[PDB]
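S.K.: Please find one structure pasted underneath; my questions will follow.
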RNA sequence: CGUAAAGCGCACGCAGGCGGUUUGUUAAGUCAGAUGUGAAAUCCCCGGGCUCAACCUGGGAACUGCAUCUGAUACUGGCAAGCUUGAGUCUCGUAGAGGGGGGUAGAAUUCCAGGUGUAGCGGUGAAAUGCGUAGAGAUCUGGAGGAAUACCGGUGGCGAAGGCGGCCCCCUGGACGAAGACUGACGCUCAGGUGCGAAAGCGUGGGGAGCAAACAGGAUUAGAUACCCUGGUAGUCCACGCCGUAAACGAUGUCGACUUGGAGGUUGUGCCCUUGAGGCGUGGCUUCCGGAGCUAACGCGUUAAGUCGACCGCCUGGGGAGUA
């Protein structure tokens, strides 16, 4: 998947601290990082239909977590999707 | 505790999960029967078995495998009781009717044999008839003087002699079996977790049973 | 996923009676302890015991009368797919009275005899026959 | 609903249905009571009158409902707060024909050029067509080209399914294991919808060694539009798009829980004289046989076709017809 240094950087940016690596913002940001990186991979190749299935699992799982965090705390939702530049 | 000196259980192979209450089960892939469970079981079997033995009943030891012979002939015949030591015929209890006339032919042919006309009229047919007495004598050996179907049944291996257990359950006869860890307590009314194929174990074992049979009211 | 833990409990007891099992453990809850208290009270199980602190574990010591098993047929009636709420007049008797039906009434989890005597119906959880 | 008709080819997922566990509040569902109403006749019950009966009739019950008010709060729902046993994230490794792109290697077939060499070669049940003194076949050397990747190779592995087999690099998906940390029900299923989906086929552009529908010849045969033989085009191969199906099959939907065993395979790992071809455990996936149980039987049998729960799909005699 993603680099150890990259995952550590995103956990450090979005968590309450390091070791808070399962929080909803953190998981969303890690999924987001990998989705964008693989935008770069699937612009090329384009017939890697197996890897894409992994990608659509990432998209769907991000969506589930955004729905959770939307119906738990909406302020965290707006700050989160504001910071990640998603939602369009 | 130790009446059962030397057997401690057997049968690594084809062990049966229904023998799980009776297994201590440690050493070298083989299963050890919990003989601290066997001793109350075997004392109960001696209790009810002596109880029917004192009511003037017939016991029918069953000993087809070797060397249960002649240990079942020795133990049954040490009492005034009955036995099967060679191949147990399929249906000598549940059609005893037809087996009654085979026993009748054994009696008529031994009476004809050692007393009557045995040298009469042929040598070849006389040899034929004598080996009919060997076949009818080793198959219908102990049971030939029974004259009823018996009041209990004592089998020495439950899986090897499943036919006799199945028939005595079919007829309402109390089955007294020494099961091993491969056997199954089918309809054995008085199960005894022991060792079926050790001659020390079955001579000790039948020694105790034949000891408690030959105490009636006396 | 687990969506009916009560039917899971009754499944544990059917398959424990069917396997000559001495005792049955499961995760515990308030409703399972209520039902289990009804079953001990009516004589279908021998005892229950809830252990653990942070993850409670209900344990039902089962009954066997003869070689046969005591709980002859336990069924789940008000499943989550379709819930069944009977009044005090519609409240059924199982095996013509020889077998209780555990109904959750507002006063608590009772039997059919006890809640028909209390004068109030409710949600019929399970038939124990 | 394995084989009788019936499990979508496989997944992702919206609306929908269902939802672990604890406490508090509400009381919508649920329950109890009350009130209003539910026309009369009819049905039912207990009586009465026609000589009886049908019939007529008195009183009740009933009209299983709806609305409102009063309560109960166990279950379900709403709301608030949690909790970790479900789900997920992070750390470290493991195995793998998982995918896509690029390169390369060795055997072999065909073709071309050349040397030797000479009368057959090939083929079949037998033959003939076919190739061959214009020198075939055999054999050696050099070259070109395309496709596939022996041995390993294994009821072995990976993948949702279709499927994926030289070796190397690059990009990339998933699974599993060990200890610990974190989030805290974030879950399950899924009509419409969307995606992937062997082979054949279609479109455009390449490629084309072998194999080979069509086709042609030779046989066989009563005939032979076949099986067999000799050739042989599309196709098979590549790029991009379409199609959208298969005995797409474990003829077995997905997810979760429980219920005796045995022998293996494969991939993790801990412990303990290792003092072997060690011992003892604990996971993941998988093969064979079998117990209870189930099953019309056959068989399935902890990877269920057993015992349950959630949601979906489908069936309703054969044909006509999966056709118009």
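S.K.: Hey, among A:66, A:86, A:30, which residue is surrounded by 14 or more Cβ atoms within 10 Å (Cβ to Cβ) and assigned to a loop (DSSP other than H, G, I, E, B)?
M.R.: A:86
S.K.: Here is a further query. Considering each residue of the stretch B:87-99, count those that are surrounded by fewer than 15 Cβ atoms within 10 Å (Cβ to Cβ), free of Cβ contacts under 8 Å to residues at least 60 places away in the same chain and not in a helix (DSSP H, G or I), and give that number.
M.R.: So the count comes out to 2.
S.K.: To continue, here is another question. Restricting to the stretch A:1-27, name every residue that is farther than 14 Å from residue A:83 by Cα and in a loop (DSSP other than H, G, I, E, B).
M.R.: Residues satisfying the conditions are A:1, A:2, A:3, A:16, A:17, A:18, A:19, A:20, A:21, A:22, A:23.
S.K.: Quick one: in the stretch C:1-52, which of the residues that are within 14 Å of chain B (Cβ to nearest Cβ) and touching a helix residue (DSSP H, G or I) at 6+ places or on another chain (Cβ under 9 Å) is surrounded by the fewest Cβ atoms within 10 Å (Cβ to Cβ)?
M.R.: The qualifying residue surrounded by the fewest Cβ atoms within 10 Å (Cβ to Cβ) is C:22.
S.K.: Evaluate the following for residue B:66: is it without any contact (Cβ under 8 Å) to a residue 12 or more places away in the chain, more than 26 Å from residue B:170 (Cα to Cα) and within 13 Å of the chain's Cα centre (by Cα)?
M.R.: The answer is yes for residue B:66.
S.K.: So for the stretch B:133-145 (the condition being touching a residue at least 24 places away in the same chain (Cβ under 8 Å) and either over 22 Å from residue B:77 (Cα atoms) or not in a helix (DSSP H, G or I) (or both)), does at least one residue qualify?
M.R.: Yes - at least one qualifying residue is present in the stretch B:133-145.
S.K.: Another one. Out of A:22, A:15, I need the residue that is more than 6 Å from RNA strand D (Cβ to nearest atom) and surrounded by fewer than 17 Cβ atoms within 10 Å (Cβ to Cβ). Which one?
M.R.: A:15
S.K.: Next question, about the same structure. Quick one: in the stretch A:34-56, of everything that is outside any helix (DSSP H, G or I) and within 6 Å of RNA strand D (Cβ to nearest atom), which residue is surrounded by the most Cβ atoms within 10 Å (Cβ to Cβ)?
M.R.: Once the filter is applied, the top-ranked residue is A:48.
S.K.: I would also like to ask the following. So, in the stretch B:1-34, of the ones that are touching a residue at least 40 places away in the same chain (Cβ under 8 Å) and not in a loop (DSSP other than H, G, I, E, B), which residue ends up farthest from the other protein chains (Cβ to nearest Cβ)?
M.R.: Per the criteria, the residue is B:33.
S.K.: Another one. Among (1) within 14 Å of chain C (Cβ to nearest Cβ); (2) in contact with a strand residue (DSSP E or B) (Cβ under 9 Å, 6 or more places away or on another chain), there is one condition residue B:41 misses while meeting the rest; what is its number?
M.R.: Answer for residue B:41: the failing condition is (1).
S.K.: Let me ask something else about it. Of everything in the stretch C:67-81, what is within 6 Å of RNA strand D (Cβ to nearest atom) and over 11 Å from residue C:127 (Cα atoms)? Give them in sequence order.
M.R.: C:79, C:80, C:81
S.K.: Next question, about the same structure. Under the condition of being within 20 Å of residue C:36 (Cβ to Cβ) and within 8 Å of RNA strand D (Cβ to nearest atom), which residue from the stretch C:82-105 is farthest from the other protein chains (Cβ to nearest Cβ)?
M.R.: Top of the filtered list is C:105.
S.K.: How many residues, within the stretch C:18-53, are under 22 Å from residue C:68 (Cβ atoms), within 9 Å of RNA strand D (Cβ to nearest atom) and not in a loop (DSSP other than H, G, I, E, B)?
M.R.: 1
S.K.: Working only within the stretch C:120-129, note down all residues that are surrounded by fewer than 19 Cβ atoms within 10 Å (Cβ to Cβ) and within 6 Å of RNA strand D (Cβ to nearest atom).
M.R.: Scanning the stretch C:120-129 gives C:120, C:123.
S.K.: Then there's this: Among the numbered criteria (1) within 19 Å of residue B:87 (Cβ to Cβ); (2) part of a loop (DSSP other than H, G, I, E, B), which single criterion is violated by residue B:167?
M.R.: (2)
Residues checked against (1) part of a strand (DSSP E or B); (2) surrounded by 12 or more Cβ atoms within 10 Å (Cβ to Cβ); (3) touching a residue at least 40 places away in the same chain (Cβ under 8 Å); (4) assigned by CATH to the domain that holds residue C:40:
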{"position": "C:93", "(1), (2), (3), (4)": "no, yes, no, no"}
{"position": "C:103", "(1), (2), (3), (4)": "yes, yes, no, no"}
{"position": "C:109", "(1), (2), (3), (4)": "yes, yes, yes, no"}
{"position": "C:113", "(1), (2), (3), (4)": "no, yes, no, no"}
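S.K.: Separate question: Just one of the numbered conditions (1) in a helix (DSSP H, G or I); (2) over 17 Å from residue B:157 (Cα atoms) is not true of residue B:75; which one?
M.R.: For residue B:75, the exception is condition (2).
S.K.: Could you identify the single residue in A:86, A:31 that is near RNA strand D (Cβ under 9 Å from one of its atoms) and away from chain C (no Cβ under 14 Å)?
M.R.: None of the other options fit; the residue is A:31.
The values are calculated or read from the model by the stated rules, or taken from the named source; nothing here is a laboratory result. Neighbour counts are summed over all protein chains in view; Cβ atoms, including those assigned to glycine, are modelled from backbone coordinates with ideal geometry.
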